[PDB]
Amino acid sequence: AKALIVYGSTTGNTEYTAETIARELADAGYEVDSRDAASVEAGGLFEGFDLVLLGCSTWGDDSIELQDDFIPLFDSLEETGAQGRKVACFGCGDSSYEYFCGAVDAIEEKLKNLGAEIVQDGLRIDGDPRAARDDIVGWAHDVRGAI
């Protein structure tokens, strides 16, 4: 299986998360391409991937704002080759804000209108993902099983 993992992380929580999902994947026999959104490009980004996992933190406080590095890609999802593509989304937040992990919400929806297949619902980590370590391992686990 060929997986793509793209992430936008500010204080590196979602990045740690991405790393955990990657190693879970890799340990299962998947080929894993892990990329910081800082550096990526949308034009056919997803082409040649059997699985695309999108990760992003939630900022904003009183409105939803996507992790900084992430926005540009988000603006361009219609150009990644998403349709028919099998995808899952993940991100860090804090349940204390009005819009808990609203960036996961946003991304999936856009994916969905694009014609992508959400094979599993989004992992919405509240707090330090080093403290949800298991959750992480388990969601990685169910995404494989739903492909």
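All residue numbers refer to positions in the sequence shown, first residue = 1.
Novice: Look up the CA B-factors in the entry and say which stretch, 20 to 28 or 131 to 139, has the higher mean.
Specialist: According to the entry, 131 to 139 carries the higher average C-alpha B-factor.
Novice: Determine, for stretches 34 to 42 and 103 to 111, which one has the higher mean CA B-factor as deposited.
Specialist: Looking at the record's C-alpha B-factors, the answer is 34 to 42.
Novice: In terms of CA temperature factor as recorded, identify the highest of 60, 122, 81, 93.
Specialist: Of the options given, 81 has the highest CA B-factor in the PDB entry.
Novice: Residue 47's Cα B-factor: lowest, middle or highest third of the chain?
Specialist: Its C-alpha B-factor belongs to the highest third of this chain's values.
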